[PDB]
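What follows is one structure encoded as C-alpha cells, with my remarks underneath.
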Amino acid sequence: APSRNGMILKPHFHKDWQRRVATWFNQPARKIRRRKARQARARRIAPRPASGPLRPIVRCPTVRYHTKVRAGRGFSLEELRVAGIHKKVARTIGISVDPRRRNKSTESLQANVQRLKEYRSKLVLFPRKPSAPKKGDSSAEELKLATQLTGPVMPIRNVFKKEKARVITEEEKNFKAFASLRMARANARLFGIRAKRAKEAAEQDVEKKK
Amino acid sequence: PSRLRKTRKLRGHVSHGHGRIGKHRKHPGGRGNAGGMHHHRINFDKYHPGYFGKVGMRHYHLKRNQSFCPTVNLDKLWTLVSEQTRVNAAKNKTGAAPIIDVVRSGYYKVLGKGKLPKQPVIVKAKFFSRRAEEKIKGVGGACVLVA
RNA sequence: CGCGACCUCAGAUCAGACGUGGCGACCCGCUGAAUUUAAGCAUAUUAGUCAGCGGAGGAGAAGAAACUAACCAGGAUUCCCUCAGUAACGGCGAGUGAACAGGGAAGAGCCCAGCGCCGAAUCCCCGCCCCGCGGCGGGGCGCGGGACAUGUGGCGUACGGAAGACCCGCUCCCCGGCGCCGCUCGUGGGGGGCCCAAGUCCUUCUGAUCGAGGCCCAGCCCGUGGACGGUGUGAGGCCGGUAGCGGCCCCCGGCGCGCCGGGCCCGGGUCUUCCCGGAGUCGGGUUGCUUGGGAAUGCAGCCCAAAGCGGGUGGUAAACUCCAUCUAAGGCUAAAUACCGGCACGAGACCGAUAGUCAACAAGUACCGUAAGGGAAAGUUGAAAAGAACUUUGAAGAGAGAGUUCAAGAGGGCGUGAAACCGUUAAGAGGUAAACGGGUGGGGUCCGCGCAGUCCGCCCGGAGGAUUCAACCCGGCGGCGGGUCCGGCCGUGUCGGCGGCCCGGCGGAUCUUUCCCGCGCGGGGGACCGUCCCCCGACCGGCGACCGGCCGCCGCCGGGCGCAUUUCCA
RNA sequence: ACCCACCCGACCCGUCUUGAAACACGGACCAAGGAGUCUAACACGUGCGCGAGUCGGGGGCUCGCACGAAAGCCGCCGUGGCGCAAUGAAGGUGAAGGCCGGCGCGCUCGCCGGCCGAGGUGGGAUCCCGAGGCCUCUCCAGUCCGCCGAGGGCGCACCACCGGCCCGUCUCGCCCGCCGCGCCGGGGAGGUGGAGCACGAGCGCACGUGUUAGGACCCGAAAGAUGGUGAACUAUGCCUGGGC
RNA sequence: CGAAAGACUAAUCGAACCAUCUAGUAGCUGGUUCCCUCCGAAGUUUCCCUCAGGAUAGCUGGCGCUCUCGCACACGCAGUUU
RNA sequence: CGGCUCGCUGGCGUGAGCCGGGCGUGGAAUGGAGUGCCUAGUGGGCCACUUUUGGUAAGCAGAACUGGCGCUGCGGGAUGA
RNA sequence: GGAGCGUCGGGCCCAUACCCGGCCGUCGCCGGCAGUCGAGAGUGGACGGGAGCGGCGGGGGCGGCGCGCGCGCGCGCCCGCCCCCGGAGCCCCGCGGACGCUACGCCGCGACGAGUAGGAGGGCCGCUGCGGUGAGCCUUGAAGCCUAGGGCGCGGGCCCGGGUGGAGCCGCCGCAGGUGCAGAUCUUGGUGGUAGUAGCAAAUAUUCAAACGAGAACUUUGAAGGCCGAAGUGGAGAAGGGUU
RNA sequence: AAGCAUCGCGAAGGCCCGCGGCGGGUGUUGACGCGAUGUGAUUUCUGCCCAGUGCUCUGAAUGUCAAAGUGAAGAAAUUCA
RNA sequence: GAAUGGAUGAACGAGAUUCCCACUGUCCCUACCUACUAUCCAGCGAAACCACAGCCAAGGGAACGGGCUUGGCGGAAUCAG
RNA sequence: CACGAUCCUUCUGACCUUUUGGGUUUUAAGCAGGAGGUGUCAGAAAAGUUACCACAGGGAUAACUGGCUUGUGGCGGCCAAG
RNA sequence: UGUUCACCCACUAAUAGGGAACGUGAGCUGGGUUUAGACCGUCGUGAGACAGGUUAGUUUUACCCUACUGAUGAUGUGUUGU
Ligand SMILES: [Mg+2]
Ligand SMILES: [Mg+2]
Ligand SMILES: [Mg+2]
Ligand SMILES: [Mg+2]
Ligand SMILES: [Mg+2]
Ligand SMILES: [Mg+2]
Ligand SMILES: [Mg+2]
Ligand SMILES: [Mg+2]
Ligand SMILES: [Mg+2]
Ligand SMILES: [Mg+2]
Ligand SMILES: [Mg+2]
Ligand SMILES: [Mg+2]
Ligand SMILES: [Mg+2]
Ligand SMILES: [Mg+2]
Ligand SMILES: [Mg+2]
Ligand SMILES: [Mg+2]
Ligand SMILES: [Mg+2]
Ligand SMILES: [Mg+2]
Ligand SMILES: [Mg+2]
Ligand SMILES: [Mg+2]
Ligand SMILES: [Mg+2]
Ligand SMILES: [Mg+2]
Ligand SMILES: [Mg+2]
Ligand SMILES: [Mg+2]
Ligand SMILES: [Mg+2]
Ligand SMILES: [Mg+2]
Ligand SMILES: [Mg+2]
Ligand SMILES: [Mg+2]
Ligand SMILES: [Mg+2]
Ligand SMILES: [Mg+2]
Ligand SMILES: [Mg+2]
Ligand SMILES: [Mg+2]
Ligand SMILES: [Mg+2]
Ligand SMILES: [Mg+2]
Ligand SMILES: [Mg+2]
Ligand SMILES: [Mg+2]
Ligand SMILES: [Mg+2]
Ligand SMILES: [Mg+2]
Ligand SMILES: [Mg+2]
Ligand SMILES: [Mg+2]
Ligand SMILES: [Mg+2]
Ligand SMILES: [Mg+2]
Ligand SMILES: [Mg+2]
Ligand SMILES: [Mg+2]
Ligand SMILES: [Mg+2]
Ligand SMILES: [Mg+2]
Ligand SMILES: [Mg+2]
Ligand SMILES: [Mg+2]
Ligand SMILES: [Mg+2]
Ligand SMILES: [Mg+2]
Ligand SMILES: [Mg+2]
Ligand SMILES: [Mg+2]
Ligand SMILES: [Mg+2]
Ligand SMILES: [Mg+2]
Ligand SMILES: [Mg+2]
Ligand SMILES: [Mg+2]
Ligand SMILES: [Mg+2]
Ligand SMILES: [Mg+2]
Ligand SMILES: [Mg+2]
Ligand SMILES: [Mg+2]
Ligand SMILES: [Mg+2]
Ligand SMILES: [Mg+2]
Ligand SMILES: [Mg+2]
Ligand SMILES: [Mg+2]
Ligand SMILES: [Mg+2]
Ligand SMILES: [Mg+2]
Ligand SMILES: [Mg+2]
Ligand SMILES: [Mg+2]
Ligand SMILES: [Mg+2]
Ligand SMILES: [Mg+2]
Ligand SMILES: [Mg+2]
Ligand SMILES: [Mg+2]
Ligand SMILES: [Mg+2]
Ligand SMILES: [Mg+2]
Ligand SMILES: [Mg+2]
C-alpha cells in the first residue's frame, strides 16, 4: 500500500529472477584473460600491427551522430579500384574490405582512397623468401623496423576547420533566419497540395477551350 | 552497517516496532499498486493526478535520434569559444566579429535566453529562435543557417 | 519359350563400415502448467517459466543482409555498456516491454544448383609391387570390377562471371616421407623425476620446548629463501618445503634448416561478344498459438496460389504514384560468449561437529516403505600405549593395594566436563504451599585488621651526629630569548629589468600556409596571448624559514671557595 | 553476598483484550539452536568530494597478483547517464525588460540611434553612516581611544503581494516580411491552462529512516498443477486347483 | 471396481500414494532476544465488494531552520476575562 | 495631509492603484514566537457528572459535553479499571 | 451514659501531594572559561597652554549626575619629583598566566523527572571476524568451568582473589555481521515429579526325590498328578522366512 | 432378485471406449440378440391430465439462421444486396 | 393414492411394534458361595498429565477463586478406597 | 432532492494535427464538447447445495450455566365499589 | 408417555412446593434430541430442505492433588503400661 507521496513505481521482480542473476566476479579474471590472449596474438603476427587491418573512415548515420566520424568495417570496392589495389590482394596486406558498402558522395570516396594511398606509402611489405624479388622493400626498411604498431593503425581523429573572423557583409546582417526556417517548413508542408490545385487550375484552363 | 541500524535497538521489545494491536501481517493493502481505483484511490488522486486514462497519439516505431536537437541559450554562447576570441574582439579595430559554430560544440538549436554582450558575432547553427535571432542582430551580428 | 537388357523390388550368419545406451552445469528443437499477483475472478499475470519428450558439443546456437536507415548515411554473427523501464502492449488495471543509432570485446570470410564450356576430363572398391604404417596414406602398375550422362569433376556464384583480342609485368605455392639444427616467455613451452641457505650455539624454565636471557650491528647465522606444514608447547636456521633467467635427467609438443618423393605452367589491368539465380515457395485468405509489435512481430494447420525492369522490406488498413534498400524459397565458417555436471588446481573479513553439504566417522550407510521413494545418529585417552605386571576378596561383573603417566581429580564412548536432576557430608530452619519486595536483628562463611592504627607530608625551633657545597667568581660545553635585522641565507605582496622569453615549458577554435617536412589536410617550426622562471635594487609582512657574531638569562661539567654557609640522618 | 527470624508489603508470567490472578489460551525442568535479512527502485535527511557541471561504468594500458582477483593511470574523461529548459496530443514553438533620443501622426501601434541592464511594494539577521552624550585631579584648548547611541541608509536568505517573459488555448484587432505573394510566413492587445523562466545547484560516493517488489520478520492451511508407484489388502471379471 | 454403503483401491478415499512446481497464498492464531535516557498517542474523518483490512485527514516523534531578547532599553500569540 | 495613474465608473464626480511627506505604547492577565521537511503507532474502545434517543428495564443499545480508565503507580473507599 | 443516628467543637493519625535540604539525570540560560576587574555601572587615556584649595556653589529631593580615603602629595627643598611589578606584594593587577583547558573538556545558575503502542539519543554494555595498534598478556599456566571470597557500576555488565583446567587469548581506534531469548501446542538433546506406582490375571496343574552346578520355584532324569483328546497342543508340506 | 413395463438398433447399425489409427469393447454376437431405463414374486388392479418441461415425428408450404459461394457500387480496403 | 406403482398376501425375517401363557433375582430386597483379580511380599517395572500449587464461607473481581479482602482456621510421613 | 469516473462506443466541431522516405486520395489515430452506465449510485462481469464435508480464525458472534433486568410468569400488600 | 409436564387407578396422615452449574454421564443409562445408512409426506427442475413423522446407529481415562470414608502414625508428658 502506498503512503503519502512517491513514484508509483513498477519493479520487474515477479518472474523467478534469482534463478537468472548474473554475477560479475569473473570480470578481473576475464579482463586478464583477454589481455593475455591479446598479447599472444600480437606475438603471433610478428611485425604486423597488433590492431588488425586498416579500416576506412566513415560517417555515422542519423541527424544525431551525423557530424562525427568513426572507423568503418572495411574499404569499399570503388575505393580499392581507384587506389589500384586488387581486392583479393588487399586482404593479404592488412586492408579491411567490405563489399556491401555503397558509395554515395565523392567526398567520402576520395578521402578513403587517400587513406589507402597513405597506407601503401608507410607499409613495409616483407618479401616471401629472404631472397628478395619485386614489391618487397629494402633490407634497410626492415632491419630498422620489424616493429609492431601499437594501437589502431593510422587512427581517425574527428577534426574541425577553424573559421577566421569575417566582417559581416550587409546581406548576412540582412538575412531573417527564423523567418526563412518558418517559410522553408511551410513550403515542404504545402508543396504537394499547391501542385494539386495548380493541376486543377490547368485542367480548368484546358476545359474552358473544349 | 547492521551495527547502526534499528533492529539492534528493538531487541528485547516484543512487537519489533510494528505494534501489538495491529501487527506486521504480510500484505494488508494488496500487493503493490493494487487498488489504484478502489481502496487506495485517494492517495493516487492526491499525489498522482492523472495516472489513469489514455491521452494523445500513439507513435509506433519511435526512434529518438530523429528528434535530436540539443539547445543552447545566448546566455552562455561565448562559453563555447576560448576567452581570447571574445578578447581579440573588443580590440582588433577591424570590426571583425569571430565565428561561433554552435553545431561543433554539440547544440543544434540556438534559443534566446539572456543578455548577449555588445560585441558582434557570427553564429552558425542548425536552428534559431525568433528572439535569439533578434538579440544577435541587436548586438550587430549575423545568424547563419547550416545543414 | 527360351535367352538377353534395364526398372522396381526381395533374401543372405554375403565383404566392409556405421547407428543403438549413458552423462546432462552450460547449448539446440519441441511440449507446457498451476500455485501466485490483480487485495474477488474469467482476459491478463505467474511464463514460453517448473515438470514432460527429443538431440549435441567443448562449447552449442547464430552468421556473411530479400539488414539498418531516411543520414553529409551505416554494413555478417555473438558479447558488454548504453539506448530504456523508453516506443509499444495491457479488464490502458495489475502489470509487461523491445529495436536502431553511439561506444567498446572480437573480427574472417566462403561454397553450390543453375547458366555455360571442357572425349566423365570424376568417384568407389578390387589385385600386384616400393615406401609409410598405434589418427590406413602416398607412388607406380593391371582390358580387374562397379558408380555415373535421370550428370561426377575443373573453371564459376551476384563483391558480378565467362569467353575473346591486344597494354603491362614476371614465374613459389602445396603436401607424403626421411633427416638435422637452435629445447622455443614468467620470465626453459607442456608433462614426469631427483636435487640445491642458515643455530639443534650458550645458559636457564619444562613431562617434553619450537619458550625466556645472551652471542663482534636486536643480539650469532641465511635471507632472490621471515609462505605453509611437520616434529613431546609458540621454530627464517630440526625435517619437508619456500626463493631463484637455480641445476641435472627423461619424455612430448611446437616452431627453424637440409634431402628425397610427388603434385603445380597456377597473373593483372584495358576494349569487345556473350551469361546470369533456388515453387506447392513467395504472396493472399484463415483459424490457433506467440510477440512490445498495435486493421495480424513471428511460427502453424487448412484453402487459394504467383511473378520476372520481378520479388521483399520501408512499424496504421487500402488505391495511385515517385524514391530508397536489399535479393528470399540451397549450404559451410574460427573469435570475443555460456558453464551449480566432469578431471585437476588456487583462494576466502564463510561455517567450526544441533554449524558447514544429507554426509568431518565403514553415508546415500544403517533403518523404513510392496514400490515410487524416504533417510539418520555418530569427531577428540595420551607426547608416547607407557592401555594398569603382580598380590588379594569374589562364580563373575566388580573392588582394595601395587604400578605407568606431569596427570588416570586423562582408565579404551577416556580433553575440558556447565545446567536440569540425584546421592551424600556440613550448617541452619520447619503447623497457614513455596518463593518474593522493604526494613532490622541473630548466626555463619571468609576478608581486612591491631598483639597502639594513633596515619603521613611541608616549613620551622631546639638538642645530637654527617659529609660536601651552594652564594661568589674563573675555564669549558649546551640551551633559550632579543633586538642593531648588524652581516649573510630565507620567502610573501608590490614595483624595475622584458631580464628567463629562442639558453622556460605546456595550453589555446589567437595568428601566419612569407617558413620547413609529409601528403586543401596532418606533423613540425615561426609569431601572438595565457600561464610557469633568472638578475639586481627599493618598500613592506621580518613571517617558527634559517645561519653567523654580539648581548642578556638559564642549565650541566670542571676548577677553585673548609665552614655562623651545605645538604644528609635520626 | 549464605542461612534463619520477625514486622509491613506482596495473586503468575507471556499474550490478545474496553477489561486477566482468572473458571481465557501457551508454559513439567535444563542446555544448545531460534525470527525485521539481503538485492533492486524510489523519496527525504545527514557526511564527504567536485561544482554548471559531475560521473564511472563498460573497455583499455601497467604483472608471474604473495598481499591483487586489489592499487594506479586513460584526447577512452566522456559514447553515454543525470544535470544545465520548458510547453504542447501533435505539426511545432521555446523564457527581456527598461529607459533615453530620433524617425513613422508617439496612434499606450510600426521603424531607426544611445544608455542601463534581470523589475517593484512591505517585512527582513546583518553591515554602513552617525547628532549627541559620558568622563579625564583644576580653566580652557585639543588630536587619540572607546562605551553607548537618538536618527538615517544599503539591504542577504526567506515570506506575502504586484508587475514581466516562455509554451498551450481562447477572444479582439491592426500592421509587417519575400527567390518562391500563398488556404505562405511574422508579429500586437486582453484573458486563461502549464509538473515553466525571473544570475545556476547539480553530479558522484557513503550512512540513516520510511515505502514497495522479491521466500522478504519467523512458523502455519483447506487447495491447485506436472510427472511417476501401487489391486501383497480390498472391489469386480476370467483361468487352473482344493473344500463342504 | 462397486447385488450401490460414496463402498472399496496396501491401518489413507465425497478423489490413493511418492517427488517436484513449493519457502504455494493468508485482510487470520502464535512468537519476535541487552541497559539507561527523553518525548509520547489512537480507537474519530472522508473513500473503499468497506464492517477482524486498507486509504486519507487527525493525534506522535525526529531533523531542523527563520527570528525574538535580561547583555536597563520587546513584538506577536492564547480551550481566559473585560 | 499633498500629488500622480486608469482602456473601469461618470453632468462635474466615483472607486481603485500608485508615489511623497506628517504624526507612536491605544482594555485586563499570561506567555519567547514563526516556519518547513521525513514520520511511526492508531483507525475493536470503554467509564462518570450533566444533557439525551430507543426500551418495562439492564452491569442493554445509541448521541452531546467535559473529565477519567485504556498508557497510571501512590493515600482513602475492607475488597475493586 | 455508643463503638448508633442528626448537629458542632478542640486535639491528634499519614500519601509517591505541599514546604526545606541532600544526591542522580534531562531541559534551558544569545550561560561562563583559550586567561581579566568588576557587581543597580553610569567611561578610560593622551597631550597642550593657563592656573589652584580649587572644584560643576543644579530637588524636604527625600535620590539615582556627582561627593567626602586625599585632587597636591610625602619626600628631595618658593622650585623638582608625583619614578620601574623580573618586583605593587597582591581582592585586581590590562607585563605573563589554572591545581582547571581529553574545548566532543572543564565550570556555574534556574527549572523539571508517570508511561502501553510508537519514536529518537547515548551505552568505557555484550557476542563473533577483519585493518590498525597496545616493544599487550600466556606452560612461572590462555580459553572455558566452578566459587557462603573482595569490589565497582542506576543498569546492560565488569574487574580482581581462590579452585579446576591445560594452549591460546585480550585492551584501544576503525570496519563488518548468520550479534544478545522465557515464551512460538517452537527445534534437537538431556532430566524430574508422577512411582518403586499402574502393572507382569484369557485358555483347569502342579507335587516329591535326585543330578549338575558358586547359585535352582523355572534346567535335566526318575516317580506321581493333570491337560491337548486324532476338526490335536500329534505326524507332514505349500507360501513366507533364510541358517532359524 | 425373478416377474412386469417401456425405449434405441437390420451392422457405413444401437450403445460405449480411445490421444491417434482401414484402432478397440459388446461381438467366437444378429432382435427368443445387444444395448438404455423404470417397477419389483404371486393374486387383483393400474382412473383422468399432452396446458408446462422433456423426448420424438414432418418439412420448400416457411419467419429467422454462419462461413464460403454469387451479384453491386467503389480507385481499393469495401459496403450493400 | 395407483409400475413417482395402489390394494393385497401364504411362506420367510439375528427387521419395527402390542398383548397373553409359561418362565424367571428384572423387581419387592437383598443375601451367601466359587474362580481370577484388586490386597501384602520377592524380582521386574512403564505412561498420560504437570505456570506455581492444592482446607473452607462470604466479598468484590472478566458478573461461579487455591492464591486477593474479611472471617473460619492450620500439626510430620503415609495405606486401602 | 431529482443523479454517474477511467476504458470502450457514438455524434458534433476546425480549409486543425498525425497516419512515419516523400506526395495525392479513402481509412484510421488525435484535440475539444455532448450522448450510450455502472441505484452495491467514487463505478467486479457472476446461481444453488453439502447431514459426506474441510482449513484459517472468532467468545469482535449464536445454541447451556452464571451475571444484570423482570416486561411476562409466580407470590404478596394498600384502597374499598361490590 | 423418551419425556419435563400431563392424566388416570390405588393406598394414605399427607400423597405441598422448590434450590444446589435448570445438583448429579472418569456415577449409570442412552428411550430422546443431534453425523454418517434408509423410508414416508410436504417443498425444491435438481443437488437437497423440513422445532414434519419413522427405524438403525462406538457413551474413553484416576495410579496425581484435594474432599469424604475408614487405616497406621505424628509432637508433647523422662520411659513405659493403667
Ligand atoms: Mg579491436
Ligand atoms: Mg515502525
Ligand atoms: Mg504481536
Ligand atoms: Mg496497520
Ligand atoms: Mg545418446
Ligand atoms: Mg487473486
Ligand atoms: Mg489476497
Ligand atoms: Mg479466490
Ligand atoms: Mg507471457
Ligand atoms: Mg526443464
Ligand atoms: Mg556451430
Ligand atoms: Mg542468407
Ligand atoms: Mg546490427
Ligand atoms: Mg533514464
Ligand atoms: Mg511476457
Ligand atoms: Mg555443373
Ligand atoms: Mg610447530
Ligand atoms: Mg616452521
Ligand atoms: Mg633446510
Ligand atoms: Mg501472451
Ligand atoms: Mg504507412
Ligand atoms: Mg550453420
Ligand atoms: Mg557429531
Ligand atoms: Mg556434536
Ligand atoms: Mg551436521
Ligand atoms: Mg562440542
Ligand atoms: Mg567428548
Ligand atoms: Mg567435545
Ligand atoms: Mg590435567
Ligand atoms: Mg584430563
Ligand atoms: Mg573426560
Ligand atoms: Mg581433546
Ligand atoms: Mg543436618
Ligand atoms: Mg484478534
Ligand atoms: Mg472480549
Ligand atoms: Mg496476564
Ligand atoms: Mg472467574
Ligand atoms: Mg487462541
Ligand atoms: Mg499446558
Ligand atoms: Mg541461545
Ligand atoms: Mg541527499
Ligand atoms: Mg516516504
Ligand atoms: Mg521485507
Ligand atoms: Mg506453507
Ligand atoms: Mg484453483
Ligand atoms: Mg480433491
Ligand atoms: Mg515464511
Ligand atoms: Mg480482515
Ligand atoms: Mg519532543
Ligand atoms: Mg483493529
Ligand atoms: Mg488496548
Ligand atoms: Mg519518563
Ligand atoms: Mg515501548
Ligand atoms: Mg594439547
Ligand atoms: Mg558469519
Ligand atoms: Mg531457552
Ligand atoms: Mg503392585
Ligand atoms: Mg517335525
Ligand atoms: Mg418408468
Ligand atoms: Mg408435451
Ligand atoms: Mg401422488
Ligand atoms: Mg397412472
Ligand atoms: Mg409420492
Ligand atoms: Mg484454579
Ligand atoms: Mg510509399
Ligand atoms: Mg443426508
Ligand atoms: Mg441440515
Ligand atoms: Mg449419503
Ligand atoms: Mg462475549
Ligand atoms: Mg444439570
Ligand atoms: Mg460428575
Ligand atoms: Mg461417560
Ligand atoms: Mg437412540
Ligand atoms: Mg441419520
Ligand atoms: Mg494399588
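Following Swiss-Prot, chain B shows residues 2-148, kept in their order.
Note that Cβ sites are derived from N, Cα and C of the backbone, with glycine treated the same way.
Per Swiss-Prot, the features are as follows:
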- B:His39: (3S)-3-hydroxyhistidine (MOD_RES)
- B:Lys47: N6-acetyllysine (MOD_RES)
- B:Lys55: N6-acetyllysine (MOD_RES)
- B:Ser68: phosphoserine (MOD_RES)
- B:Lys110: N6-acetyllysine (MOD_RES)
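Taking the features listed in Swiss-Prot, we show where each one sits on the structure.
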residue: B:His39; record: (3S)-3-hydroxyhistidine; Cβ within 10 Å: 8
residue: B:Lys47; record: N6-acetyllysine; Cβ within 10 Å: 10
residue: B:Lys55; record: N6-acetyllysine; Cβ within 10 Å: 5
residue: B:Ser68; record: phosphoserine; Cβ within 10 Å: 9
residue: B:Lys110; record: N6-acetyllysine; Cβ within 10 Å: 17
### Task
For B:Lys55 (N6-acetyllysine) and B:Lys110 (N6-acetyllysine), determine the Cα separation and express it in whole Å.
32
#### Entry: Separation of alpha carbons, B:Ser68 (phosphoserine) and B:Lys47 (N6-acetyllysine) (Å)
34
### Task
Could you round the CA separation between B:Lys110 (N6-acetyllysine) and B:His39 ((3S)-3-hydroxyhistidine) to a whole angstrom and send it over?
47
#### Entry: Integer Å distance between the CA atoms belonging to the residue listed as 'phosphoserine' and B:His39 ((3S)-3-hydroxyhistidine)
39
### Query
Which three-state DSSP class does B:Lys110 (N6-acetyllysine) fall into?
strand
### Summary
Once DSSP output is merged into helix, strand and coil, B:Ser68 (phosphoserine) belongs to helix
